[PDB]
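Written below as structure tokens is the structure these notes are about.
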Amino acid sequence: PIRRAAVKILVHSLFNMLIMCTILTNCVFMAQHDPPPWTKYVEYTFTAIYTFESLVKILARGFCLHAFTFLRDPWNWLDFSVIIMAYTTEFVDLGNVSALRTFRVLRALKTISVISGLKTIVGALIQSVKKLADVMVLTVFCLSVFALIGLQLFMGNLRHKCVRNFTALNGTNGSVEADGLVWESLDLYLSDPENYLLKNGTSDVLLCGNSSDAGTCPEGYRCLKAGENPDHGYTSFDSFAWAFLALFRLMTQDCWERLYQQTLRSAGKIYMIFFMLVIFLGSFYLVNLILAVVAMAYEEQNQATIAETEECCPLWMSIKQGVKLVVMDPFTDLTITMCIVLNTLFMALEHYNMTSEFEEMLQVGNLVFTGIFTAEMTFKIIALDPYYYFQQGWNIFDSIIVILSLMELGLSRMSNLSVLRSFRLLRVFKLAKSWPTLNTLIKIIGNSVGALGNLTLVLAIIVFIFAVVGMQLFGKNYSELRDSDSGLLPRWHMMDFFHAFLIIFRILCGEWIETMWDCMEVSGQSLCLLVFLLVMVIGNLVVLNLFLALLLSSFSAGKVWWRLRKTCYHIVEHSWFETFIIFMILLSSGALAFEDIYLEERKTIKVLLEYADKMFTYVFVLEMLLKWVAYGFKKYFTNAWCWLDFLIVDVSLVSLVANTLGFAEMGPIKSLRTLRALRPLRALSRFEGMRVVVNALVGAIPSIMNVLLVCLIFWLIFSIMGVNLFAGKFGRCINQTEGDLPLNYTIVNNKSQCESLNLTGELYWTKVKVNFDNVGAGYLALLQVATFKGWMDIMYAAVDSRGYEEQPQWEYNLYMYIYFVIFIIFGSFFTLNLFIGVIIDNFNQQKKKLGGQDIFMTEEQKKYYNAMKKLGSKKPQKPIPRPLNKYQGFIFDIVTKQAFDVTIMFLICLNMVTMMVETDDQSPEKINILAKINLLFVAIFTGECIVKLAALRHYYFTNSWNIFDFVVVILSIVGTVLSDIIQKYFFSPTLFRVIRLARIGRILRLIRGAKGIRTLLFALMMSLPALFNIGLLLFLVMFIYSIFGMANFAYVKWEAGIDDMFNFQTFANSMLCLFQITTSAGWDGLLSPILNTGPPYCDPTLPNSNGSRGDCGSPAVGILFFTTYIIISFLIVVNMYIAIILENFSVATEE
Ligand SMILES: COCC(CCO[C@H]1CC[C@@]2(C)C(=CC[C@H]3[C@@H]4C[C@@H]5O[C@]6(CC[C@@H](C)CO6)[C@@H](C)[C@@H]5[C@@]4(C)CC[C@@H]32)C1)COC
Ligand SMILES: NC1=N[C@H](O)[C@H]2[C@H]3O[C@]4(O)O[C@@H]([C@@H](O)[C@@]2(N1)[C@@H]4O)[C@]3(O)CO
Ligand SMILES: *[C@@H]1O[C@H](CO)[C@@H](O)[C@H](O)[C@H]1NC(C)=O
Ligand SMILES: *[C@@H]1O[C@H](CO)[C@@H](O)[C@H](O)[C@H]1NC(C)=O
Ligand SMILES: *[C@@H]1O[C@H](CO)[C@@H](O)[C@H](O)[C@H]1NC(C)=O
Ligand SMILES: *[C@@H]1O[C@H](CO)[C@@H](O)[C@H](O)[C@H]1NC(C)=O
Ligand SMILES: *[C@@H]1O[C@H](CO)[C@@H](O)[C@H](O)[C@H]1NC(C)=O
Ligand SMILES: *[C@@H]1O[C@H](CO)[C@@H](O)[C@H](O)[C@H]1NC(C)=O
Ligand SMILES: *[C@@H]1O[C@H](CO)[C@@H](O)[C@H](O)[C@H]1NC(C)=O
Ligand SMILES: *[C@@H]1O[C@H](CO)[C@@H](O)[C@H](O)[C@H]1NC(C)=O
Ligand SMILES: *[C@@H]1O[C@H](CO)[C@@H](O)[C@H](O)[C@H]1NC(C)=O
């Protein structure tokens, strides 16, 4: 029959090509918002094609009872699904959802089985997850524990608001209040929102706690607890769901700076210990436990798979001879490499307001420089025939660019304004043959595009599917978020396809929240959370699998002088002298923390400092001189540890020699004294842990300068592109009084119109703080987009680039989001891959040199590791239980049963769920039932210990898990007892909660027997000393940068991220600000006030106490402080990741 012909038609590749074309046509047609009704054919033709494909399959391998053949393969289930859904829907619709268009999106996941590579990858991305199992359960366990702790500590503590004062009236029957307007009912008032105060600058409402360490309210405002939680109600810690989402955002580090700042501004600055604990414990150890598990697997499958894979005639010549003769000369190569360098430099000299001299030469520069290349190609064309000239993989390269460039310059009236110039740019890549690191950077782009080019295809398919699903589900709704005043919807919407692609990308780049929040207000919470969080788990898994993979691939492929010297050697050998020095170093360092804006007026201390200042230097000088004698000039000048102390004491001596003698406080001499900030640095030598860490970091310096260099050139391409695109297009008019937002483009469109309507001086043409005007000014902005912090203001201004020297417009240049999309993959994803690989390699080799020994670890810490590891590498053997007394001879058998263990372990889960039910604003009846139950529970538990103690005299204690337990119950028995004792105690709300929190300890009791957590948590215990050595280095570094910040960044305007409680006006406020920045969080808000010197935006001549005048921060030093810190912090936190990853690969791999 035709079945045998159906099999023939089944095996052809034309069938697969037709199926792929139909699927791609469907994908293109599905991305259209208001589909047109011409679709009588298409929805129907497709349905015909997809029915025909299933017909071909069932005719060839269908028949009857096909458990063995058709439909057995899991993928064909999708196909049948598609056909049934299709017909049912196309038939009629009566009282249904009718938004079942989203079901068609599933038709496009059929590409997976056809393109052959896709099916296997989506097969193995799925098997990866199966290995991240424990990690996902510990994630849930730790998230629940921290959610309970946050619930108890900040129960309803996010609602506090500064509200206008009220009085009670006493002329009306119920609670009545007044403030120029009588308002019936307290709650009618504590609710209305014209009675709350707007935080300066932001549009929020102030959050104000009553504790001393917390926000204080303005004069006419009392600070209470009434109203609706910030950010529309999704941030409060009132309920366990809201204390789980708001703490999972802390795990993923999404806008955690906003919650940190609001939480503390209501509960107090001491409560920053909780945040630190969440950020270290979870964001770091957890995220990394997952990356290591995802990695443990990729290697395993590739290792098994690779292993299993193993298992003219007169004269053309005399001068043709000549043409080659010039071409191959070694010096012919030098002229060339160098001419490349000059071009990049010549190019990177465009700027915003070039004087015409800089401009004409810039043109007279390209001609010469492109020309040199024309001679290189023609000579190289005359050298050999075109058969041999278009090969080897680097002649073609050159050939195209040379060709493209010549092309455009020719019209002279040529239209492309910029790329046209930057076509030349790619030449920079040519330095590759010479540069191993640029060669490695190119090989990675190539690998991802071509070889493991199936993973990126899978990622693109997933992103497309998620974008179309989100658009279809949520597009209709976002029309309300539209301001009907301006018909302006959000900048992030999902109404159209592109706008959607971007929300899906943002979610990939880390920024998922501000969007659930803006979609849960138009769409209803249940779905928004379901979809916008679905993109996350899958996506971050795919983006990570592609990344880990690219990396792995590169890896796979008088005679008394001689005794006077010894008598001063012995004082060095005497412990007491240098210990004095060590203490003197700490004290010396500390005394820096007291110089705040208020020391000027703390007289009794100001002076104390100075006596000490002097003595401090002397104790040291006596020490430098003592050393020079004891070890001589050789050892002191050759160790490079004494060199740092030498420079520090040099500048310290210059300070007092110029000041006291010279009576000179003029010019930069005081600026030299802002460098006493480094007195902390004396310490790095002294403490061994900080020392092994700094040695490990120094050993990696040569590679880091190369990796930092390639980025610098690569971002040079992006920076010159950005300068060429957005030069002079970031300036916007502002009416000042009315506000900080550009005026409309219809009212004022050109700068010539901006400065022609200033009859009343309110209009200021102010550029964006971070913009594209210089090549160097470009690189900051790129640091903001590449770190993802502050990038939104740059992206919102580039898209509005209406043109040169003219007002911005709302979305004139929408597609420039593409530039930003391109930089981020190459600039953030690929450059980072190189960074991580090289760091790992240097590290890998160092470990080998000192074989069997991690870096980041002292000698004494070694021996701990050695014993600690031994304890849990071997299980205990020989329990030896004894009946003992007949009195307990029938109790000890019951206490040891497995049934007893599981019922206890499930009573702990019952306690867990009865804990999860708390909430703010609970009725007396609820509060009441719940507390009685808490008493019941303590009781069962006290008892359990008791029977466990029946005759288990010695072994209750030696279990080391049982011993942990007594403590828990005692804390608990006390806890209940301590309950009514608080009455004679001050500040009653916060003493209580903390003792309540001991209840969580039971929660921690579940893991005696849950092995998965036990190995995984044990690991941290083995890694704890390494993290510590690095931590001290982070701290010493924070102090040094904190002192530097208070030196210059005090008295800066308070706007953006410098606000009253987080400012650089003292030590505590300075160190709080650094804590956010150490995670690169919110670092543009900190810096924007610094980079502000201006008649608008700041004010010259404010009168200031200590710093004496000026209210405007300095950009030149501020840009250096933050930019240097972001990098110093990056390299130090990255160091930690390796410490865990290798060590988690030391506990798991070992077993
Ligand atoms: C060759 O023999 C050496 C061997 C171990 C070598 O295997 C390596 C495989 C890659 C892997 C898992 C390793 C260490 C760091 C891991 C990285 C930490 C980074 O952290 C992240 C997340 C946070 C971001 C800031 C960027 O960096 C990831 C992208 C990066 C990461 C997860 C990419 C994958 C890396 C181990 C030792 O055997 C005993
Ligand atoms: N996860 C985020 N980290 C950034 O610190 C935040 C700042 O920068 C940014 O561009 O806009 C605001 C906020 O949305 C940000 N989101 C964006 O990155 C911001 O508060 C001020 O700009
Ligand atoms: C109640 O009314 C009396 C009238 O004499 C007034 O003096 C008193 O202050 C009022 N009390 C309150 C609660 O305001
Ligand atoms: C309380 O309000 C009621 C309703 O208007 C009013 O009738 C009554 O007089 C009030 N109480 C007094 C005694 O003022
Ligand atoms: C408002 O009442 C508060 C209550 O603490 C009080 O401190 C403040 O002085 C009052 N404001 C004015 C201006 O009276
Ligand atoms: C602050 O204190 C006042 C007086 O104790 C009290 O009325 C108010 O409830 C408190 N508000 C807050 C912020 O809890
Ligand atoms: C600026 O705003 C003020 C106050 O609204 C208004 O009166 C003034 O005309 C505005 N100036 C311009 C030209 O925008
Ligand atoms: C600018 O004003 C014009 C009318 O003056 C208005 O049509 C336009 O929408 C305004 N632009 C915006 C979006 O502010
Ligand atoms: C800017 O636009 C105005 C019209 O709004 C026009 O008259 C003016 O001459 C233009 N100036 C420039 C920069 O060409
Ligand atoms: C507007 O005119 C005032 C005159 O006081 C001036 O200070 C302000 O800078 C002007 N703005 C511009 C950009 O001309
Ligand atoms: C807010 O602005 C007012 C203006 O009077 C200022 O005095 C106040 O200190 C500012 N508060 C903060 C914290 O920005």
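Don't overthink the numbers, they just go from 1 along the chain as shown.
From the backbone N, Cα and C atoms, a Cβ is placed for every residue, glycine too.
Topological domains recorded in Swiss-Prot put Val799 on the same membrane side as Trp1054. Here the candidates are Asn170, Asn1144, and Swiss-Prot annotates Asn170 as N-linked glycosylation site. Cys217 is paired in Swiss-Prot with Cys162, the candidate among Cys142, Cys162 named as its disulfide partner.
Swiss-Prot records N-linked glycosylation site for one of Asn454, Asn758, namely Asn758.
Here the topological domain 'Extracellular' (410-419) has, by DSSP, the following mix of helix, strand and coil residues: 1 helix, 0 strand, 9 coil. Sequence-distant neighbours of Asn477 (N-linked glycosylation site) (same chain, 6+ residues apart, CB-CB distance under 8 A): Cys519, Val522, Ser523. Within 10 Å of the C-beta of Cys528 (disulfide bond) there are 22 other C-beta atoms, taking all protein chains into account.
For the segment bounded by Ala557 and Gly558, where 243 residues are absent from the model, the Cα separation is 67 Å. Of the Cβ pairs linking the transmembrane segment (132-154) with the transmembrane segment (40-61) and spaced 6 or more residues apart, fewer than 3 are under 8 Å, so the two regions do not touch. Sorting the glycosylation sites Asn210, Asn744 by the number of other Cβ atoms within 10 Å puts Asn210 first.
Residues 211 of the same chain lie 6+ residues outside the topological domain 'Extracellular' (983-989) yet bring a C-beta within less than 8 angstroms of a C-beta in it.
A strand conformation is recorded for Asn750 (N-linked glycosylation site) in the three-state DSSP classification.
Recorded residues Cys217 (disulfide bond) and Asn750 (N-linked glycosylation site) have their alpha carbons 43 Å apart, per Cα-Cα distance.
Comparing Cα positions, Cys528 (disulfide bond) lies closest to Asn210 out of the glycosylation sites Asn165, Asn210, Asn353, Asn416, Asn758. No coordinates are deposited for the 269 residues that fall between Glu311 and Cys312. The C-alpha atoms bordering this gap are 56 Å apart.
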